[PDB]
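A lone chain, given as structure tokens: the form deposited without this ligand.
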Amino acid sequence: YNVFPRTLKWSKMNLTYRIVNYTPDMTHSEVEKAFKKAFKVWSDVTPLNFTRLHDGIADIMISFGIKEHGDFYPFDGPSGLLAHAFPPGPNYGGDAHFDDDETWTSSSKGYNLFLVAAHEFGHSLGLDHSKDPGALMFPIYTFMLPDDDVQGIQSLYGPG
């Protein structure tokens, strides 16, 4: 028999990401900085490293989109699903999509992009949802990575 193995985690410690498109809600600069920040969250506590490609195929393809945007996990206008990301793996694995019918903001007026991104980037790293309300990976939107997550990611990749 065969089942569908899951890529529990990335093989390599060096990962590439590409920001394909941009929300109208923040400067390009602010966006790039929000993601660099969201990757630092997990690079700080693991051997993991993130470098950004400007073209071509990357391990973590980041995009913004609305409704149906090419994977049949369609978004839903404003409110509700803020974003989503695929677990570690080839092809689609690791990719992060952000519902561009939400208002992304580099602060509090809307959903802070960096916060949501850092959350999503755990899903890209193999992290599942947490039930600890203090955990970044808690499903509900609300910087120091909480021990709950530090333990979760380290359990996979180890410390730095």
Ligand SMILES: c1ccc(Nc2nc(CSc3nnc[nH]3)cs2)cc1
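Definition used throughout: the rigid core is the maximal C-alpha set that superposes within 1.5 Å between two forms. Shifts are known only where both forms have a C-alpha. Numbers for residues come from their place in the sequence shown, where the first is 1.
Only in words, not in the display: the form solved in complex with this ligand, which the text now covers.
Contact check for residue 136: a heavy atom falls within 4.5 Å of this ligand in the deposited bound form.
Taking non-hydrogen atoms only, residue 58 never approaches this ligand to within 4.5 angstroms in the deposited bound form. Taking the partner from elsewhere, residue 66 is found to have every heavy atom lying beyond 4.5 Å of this ligand in the deposited bound form. In the deposited bound form, residue 123 approaches this ligand with a heavy atom inside 4.5 Å. Residue displacement note: residue 155 has its CA displaced by under 2 Å between this form and the one not shown (rigid core superposed). One change in the deposited bound form concerns residue 7 and residue 60, whose Cα atoms lie at least 3 Å farther apart than in this form. Look at residue 97 and residue 7: in the deposited bound form their Cα atoms move 3 Å or more farther apart than in this form. After superposition on the rigid core, the sole stretch of at least three consecutive residues with Cα shifts of 2 Å or more between this form and the one not shown is 1 to 7.
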